[PDB]
Amino acid sequence: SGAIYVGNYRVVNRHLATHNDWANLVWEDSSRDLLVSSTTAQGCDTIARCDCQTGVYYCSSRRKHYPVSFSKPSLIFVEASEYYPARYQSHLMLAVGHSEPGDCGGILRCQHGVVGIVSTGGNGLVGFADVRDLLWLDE
Ligand SMILES: COc1ccccc1[C@H](N)C(=O)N1CCC[C@H](C(N)=O)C1
Ligand SMILES: [Zn+2]
């Protein structure tokens, strides 16, 4: 679990969105596994606006933050899970690192701010849903 809180927005994995998220919906995209809802209080996270390929992510199944090198956002085939059939997920970046299903939502960040959140994993890989192209999150 986990979310990004920027301005009056809450960014979560679409597959983990709550009923309150759907009832206060701003935008959602199943192909990216992202959903954004509106919040009453203002958030403290800042979104990175860069092309960094190194950063640090939070792994809840280890209570640890790990530094990683990650690929550029791309269209990647993701195997069938209990939340989605086997499909191509877009705007996804891969890194070598530990992940388990409940790790989705953990933040990946670089020197400029938040880059994205954990969305996929398995076999010593972790995939992050990028949010750096969503310029409207800052307005
Ligand atoms: C962090 O997730 C994992 C980590 C290790 C092993 C396996 C997993 C998950 N079975 C996983 O990859 N997904 C399940 C949740 C939906 C994901 C998606 N965005 O399509 C795919
Ligand atoms: Zn950066």
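Everything here concerns the structure above.
Now for a quick tour of the structure. (Residues numbered from 1 in each chain as written, not as in the entry; some residues may be left out. Chains lettered and ligands numbered in written order. Heavy atoms only, no water.)

1. Notes on the site of ligand 1
Step number 1: Of all residues adjacent to ligand 1, which total 16 residues, the nearest are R87, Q89, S99, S119 and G121.
Step number 2: Within the side chain of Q89, a nitrogen or oxygen atom sits 2.8 Å from a nitrogen atom of ligand 1.
Step number 3: Interatomic distance of 3.0 Å between a side-chain N/O atom of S119 and a nitrogen atom of ligand 1.
Step number 4: Burial of ligand 1 by the protein chains amounts to 85% of its free accessible area of 490 Å².
Step number 5: Cavity membership is defined here by more than half of the atoms lying within 2 Å of grid points; on that basis ligand 1 lies in the largest pocket.
Step number 6: No other element matches strand β9 (residues 113-122), which puts four residues into the shell around ligand 1.
Step number 7: For the shell around ligand 1, the class distribution of residues is five nonpolar, eight polar and three charged. (Near = heavy atom within 4 Å. Polar contact = N/O pair within 3.5 Å; in protein donor to acceptor, adjacent residues only side chain to side chain. Areas by Shrake-Rupley, 256 points an atom, 1.4 Å probe, with all protein chains shown as cover. 1 Å grid on protein atoms, 1.4 Å probe; cavity = no way out; pocket = protein on both sides within 12 Å on 5 of 7 lines; lining within 4 Å. Sits in = over half its atoms within 2 Å of the grid points. Helix = DSSP H or I, 4+ residues; strand = E, 2+ residues; numbered from the N terminus. Nonpolar A, V, L, I, M, F, W, Y, C, P; charged D, E, K, R; others polar.)

2. Overview of the nonpolar core
Step number 1: In terms of nonpolar packing, the biggest core is built from 15 residues, with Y57, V68, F70, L108, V115 and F128 touching the most fellow members.
Step number 2: Within the residue set of this core, elements represented by two or more residues are β4 (54-59), β7 (87-96), β8 (107-110), β9 and β10 (125-130).
Step number 3: Core analysis: the second largest hydrophobic core is formed by 14 residues, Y9, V11, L34 and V114 among them. (Core = buried A, V, L, I, M, F, W, Y, C linked by side-chain atoms within 4.5 Å. Buried < 20%, exposed > 50% of the residue type's maximum accessible area, 1.4 Å probe, protein only.)

3. Some remarks on the pairing of β7
Step number 1: Taken together, the four bridges between strand β6 (residues 74-78) and β7 define a ladder with antiparallel strand orientation. Among the inter-strand pairings, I76 is bridged to a residue of β7, identified as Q89. (Pairing = 2+ DSSP bridges.)

4. Regarding the sheet that holds β6
Step number 1: What the seven strands build is an open sheet, ordered β5-β4-β8-β9-β10-β7-β6; its pairing is antiparallel. If you trace the sheet from one side to the other, it starts and ends with β5 (64-69) and β6, each paired once. Taken pair by pair, the neighbouring strands of this sheet meet at an average axis angle of 50 degrees, ignoring direction.
Step number 2: When β7 meets β10, the two strands line up antiparallel, connected through five bridges. (Axes fitted to C-alpha atoms, helices over the stretch in contact; angles between N-to-C directions.)

5. Considerations on the side chain of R32
Step number 1: Position of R32 relative to the elements: it lies in the loop between β2 (25-29) and β3 (34-44).
Step number 2: For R32, the side chain forms a polar contact with the side chain of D133, separated by 2.7 Å.
Step number 3: Those residues within four positions of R32 in sequence are excluded, and the remaining contacts are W27, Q89, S90, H91, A129, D130, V131, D133 and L134. (Contact = heavy atoms within 4.5 Å.)

6. Remarks on the coordination of the zinc ion (ligand 2)
Step number 1: Listed as protein donors to the zinc ion (ligand 2) are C50 (SG), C52 (SG), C110 (SG) and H112 (ND1); their distances from the metal cover 2.1 to 2.4 Å.
Step number 2: Given four donor atoms and angles of 101 to 117 degrees at the metal, the environment of the zinc ion (ligand 2) is assigned as tetrahedral.
Step number 3: As a motif over one chain, the donors of the zinc ion (ligand 2) read C-x1-C-x57-C-x1-H. One end of the pair, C52, is in the loop between β3 and β4; the other, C110, is in strand β8, with 58 residues separating them in the sequence. Grouping residues by exposure puts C52 and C110 together as buried. (Donors = N, O, S within 2.8 Å, 3.2 Å for Na, K, Ca; no water. Tetrahedral: all angles 85-135°; square planar, octahedral: opposite > 155°, others 65-115°.)

That's the geometry; what it means functionally is another story.
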